[PDB]
Amino acid sequence: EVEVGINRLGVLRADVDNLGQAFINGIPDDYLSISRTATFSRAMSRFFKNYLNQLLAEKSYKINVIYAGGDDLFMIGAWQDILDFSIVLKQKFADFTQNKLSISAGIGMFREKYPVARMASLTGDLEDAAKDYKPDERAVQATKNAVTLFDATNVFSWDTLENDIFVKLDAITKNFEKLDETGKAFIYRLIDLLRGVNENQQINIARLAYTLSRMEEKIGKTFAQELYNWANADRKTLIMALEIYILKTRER
RNA sequence: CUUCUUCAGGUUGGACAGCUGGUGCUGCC
Ligand SMILES: Nc1ncnc2c1ncn2[C@@H]1O[C@H](COP(=O)(O)O[C@H]2[C@@H](O)[C@H](n3cnc4c(N)ncnc43)O[C@@H]2COP(=O)(O)OP(=O)(O)OP(=O)(O)O)[C@@H](O)[C@H]1O
Ligand SMILES: [Mg+2]
Ligand SMILES: [Mg+2]
């Protein structure tokens, strides 16, 4: 049903972080009652089932939800629908839970005949890679508040990190729709030369020099140097946002 | 039976310098 995009099947596995701990010791001991525990349980279950149904039915979503139940989530649908509903899910969970419970997800791209058992297993281990996220290896236990985006090693977050990646994605989508339609061939050049930076650095600074060299009447070099500015501090962020932009805008 | 057989300066200087278009589609689980 998509016109510009990719022919991949995206899935979502959202698991609330430390819900079992939120039941063991999350609720205050002084405010401990059977009615209050039942209220919290029913609120969470109603949230998941009912509000997932209503949130998808609010407007046209290409999602074919497999399971909501409780504390878990499975979804299969259009790849871009999975990506743009992950943010909706995180913001709705934050609003309903008042930013008290963390959630983790995992998204995988699959063909039209990929093994669905393999789909689920890969999405589960990506979910675990999102569950075991720690900015620093000093504090006990994991933050658990992360999302893996198509790879177990690509553990991004939902915080200001995801804010940055989505701001970058929106900016790139707005800017790079209308190039000269001929100089855009440098995009794959950048992608394949930034795939990993632990090796010959000569070509990276060479591409920087080439971008500086490119001089005509265009948007200018404001964003053409913002690419360089974002090409050093944010390496994995730039490659992830750029790959998301490419997959969204690929003429496939 | 004379008296120089060429000497001294400019050796390239500017202008453009790669643009446009396509850009993995079909067949199978
Ligand atoms: N009222 C109540 N219900 C359930 N467990 C309760 C309660 N009071 C105390 N406890 C204790 O908590 C743990 C729960 O462990 P578990 O039995 O594995 O059960 C599942 C699941 O049945 C239950 N669950 C899921 N959804 C709900 C809702 N909506 N309401 C109540 N209970 C619910 O919680 C467990 C889910 O396990 P995980 O998803 O793996 O936990 P996690 O948050 O994802 O951890 P992490 O991977 O992020 O680190 C028992 O000890 C029980 O006695
Ligand atoms: Mg859970
Ligand atoms: Mg669970």
Side-chain angles (χ1 to χ4, degrees), chain A residues 1-13 62-67 74-84 106-127 148-154 165-166 168-197 200-228 230-231 235-252:
Chain A
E1 184 178 0
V2 307
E3 293 179 353
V4 181
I6 55 159
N7 201 356
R8 261 48 191 158
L9 193 61
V11 303
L12 192 67
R13 273 284 287 271
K62 318 294 150 61
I63 307 293
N64 197 358
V65 168
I66 305 282
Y67 168 68
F74 201 92
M75 276 168 31
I76 296 177
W79 173 88
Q80 40 199 316
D81 210 318
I82 300 291
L83 276 296
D84 68 4
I107 307 166
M109 310 179 264
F110 310 115
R111 298 178 68 249
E112 42 194 0
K113 205 68 75 174
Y114 207 75
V116 74
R118 185 179 277 188
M119 290 188 195
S121 291
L122 291 179
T123 304
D125 78 6
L126 266 74
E127 201 182 11
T148 52
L149 189 63
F150 322 121
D151 290 300
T153 181
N154 283 318
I165 79 172
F166 268 118
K168 292 181 179 83
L169 166 66
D170 305 328
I172 300 294
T173 290
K174 173 61 191 313
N175 281 66
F176 280 159
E177 279 165 13
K178 45 180 86 72
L179 278 80
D180 49 353
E181 282 90 13
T182 300
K184 71 94 175 180
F186 302 161
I187 296 177
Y188 164 55
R189 188 162 65 124
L190 297 170
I191 286 174
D192 206 4
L193 272 300
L194 194 150
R195 61 173 166 88
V197 189
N200 286 320
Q201 306 283 323
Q202 294 82 18
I203 302 92
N204 287 106
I205 180 171
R207 303 323 172 178
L208 164 66
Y210 291 171
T211 307
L212 269 292
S213 171
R214 291 292 97 199
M215 277 319 294
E216 50 251 52
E217 188 65 26
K218 52 158 83 153
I219 73 164
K221 307 299 285 182
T222 72
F223 205 54
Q225 294 303 113
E226 167 82 333
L227 271 172
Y228 173 48
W230 271 343
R235 171 176 60 186
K236 54 203 69 56
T237 302
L238 182 134
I239 196 175
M240 187 95 97
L242 265 290
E243 85 179 9
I244 288 283
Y245 163 81
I246 296 301
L247 295 196
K248 284 243 171 191
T249 59
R250 187 38 164 165
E251 194 54 86
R252 171 189 220 175

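Residue numbers begin at 1 in each chain, while the letters A, B, ... track the order of the sequences. Computed from heavy atoms alone, side chains included, the values below leave out hydrogens, waters and symmetry copies.
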Rounded to the nearest 0.5 Å, what separates atom [atom1] in [X] from atom [atom2] in [Y]?
X: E112(A); Y: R8(A); atom1: CD; atom2: CZ; answer: 8.5 Å
X: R13(A); Y: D125(A); atom1: CZ; atom2: CG; answer: 10.0 Å
X: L122(A); Y: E127(A); atom1: CG; atom2: CD; answer: 12.5 Å

> When you look at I172(A) and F223(A), which way does the side chain to side chain contact (heavy atoms under 4.5 Å, CB included) test go after all the steps?
Replying inline: CA-CA 10 Å; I172(A) 300 294; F223(A) 205 54; 3.5 Å; yes

Sequence-distant partners of [X], side-chain contact (heavy atoms from CB on, under 4.5 Å), two or more places apart:
X: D151(A); answer: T153(A), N154(A)
X: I76(A); answer: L9(A), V11(A), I66(A), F74(A)
X: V65(A); answer: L52(A), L56(A), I63(A), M75(A)

>> Pairs counted only when both distances fall under 3.5 Å, Watson-Crick or G-U: show me the 5' to 3' dot-bracket for RNA chain B, [ ] for pseudoknotted crossings and | for other-strand partners.
In response: .............................

> Within a reach of under 6.0 Å around OH of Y228(A), are more than 12 heavy atoms found that belong to other residues, nucleotides or ligands?
Replying inline: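 Count not over threshold, so no.
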
Going strictly by the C1'-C2'-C3'-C4' torsion (positive north, negative south), how would you label [N]?
N: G18(B); value: north
N: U23(B); value: south
N: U5(B); value: south

Which atom pairs, donor and acceptor, lie under 3.5 Å between side-chain atoms of residues 241-252 of chain A and protein residues at least two apart or in another chain?
from: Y245(A); atom 1: OH; to: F176(A); atom 2: O; distance (Å): 2.6
from: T249(A); atom 1: OG1; to: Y245(A); atom 2: O; distance (Å): 2.6

Between N or O atoms, less than 3.5 Å apart, protein on one side and nucleotides 26-28 of chain B on the other: list the pairs.
from: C28(B); atom 1: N4; to: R111(A); atom 2: NH2; distance (Å): 3.2

Donor-acceptor contacts, no H, no angles, side chain residues 204-220 of chain A, under 3.5 Å, sequence neighbours left out:
from: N204(A); atom 1: ND2; to: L193(A); atom 2: O; distance (Å): 3.2
from: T211(A); atom 1: OG1; to: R207(A); atom 2: O; distance (Å): 2.8

>> Pick the closest RNA chain B nucleotide for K113(A) and for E251(A) by heavy atoms, then say which residue is nearer the 5' end.
In response: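 Taking each residue's closest nucleotide, the earlier one in sequence belongs to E251(A).
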
> For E177(A), which residues count as a salt bridge (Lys or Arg N to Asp or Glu O under 4.0 Å) partner, sequence neighbours excluded?
Replying inline: none

> Within the structure, does a side-chain N or O atom of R250(A) lie under 4.0 Å from either OP1 or OP2 of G24(B)?
Replying inline: yes

> Residues two or more places apart in sequence or in another chain: which of them pass ring-ring contact (aromatic ring centres under 6.0 Å, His included) with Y114(A)?
Replying inline: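 Per chain and number, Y114(A) pairs via ring-ring contact (aromatic ring centres under 6.0 Å, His included) with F110(A).
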
>> Does anything in residues 173-189 of chain A come within less than 4.0 Å of RNA chain B? Heavy atoms only, and list the residues if so.
In response: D180(A), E181(A), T182(A), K184(A)

> Got a sec? Which of residues 206-218 of chain A come in under 4.0 Å of RNA chain B, heavy atoms?
Replying inline: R214(A)

>> Test: side-chain hydrogen bond (donor to acceptor under 3.5 Å, both in side chains). Region: residues 180-191 of chain A. Which pairs qualify, not counting sequence neighbours?
In response: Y188(A)-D192(A)

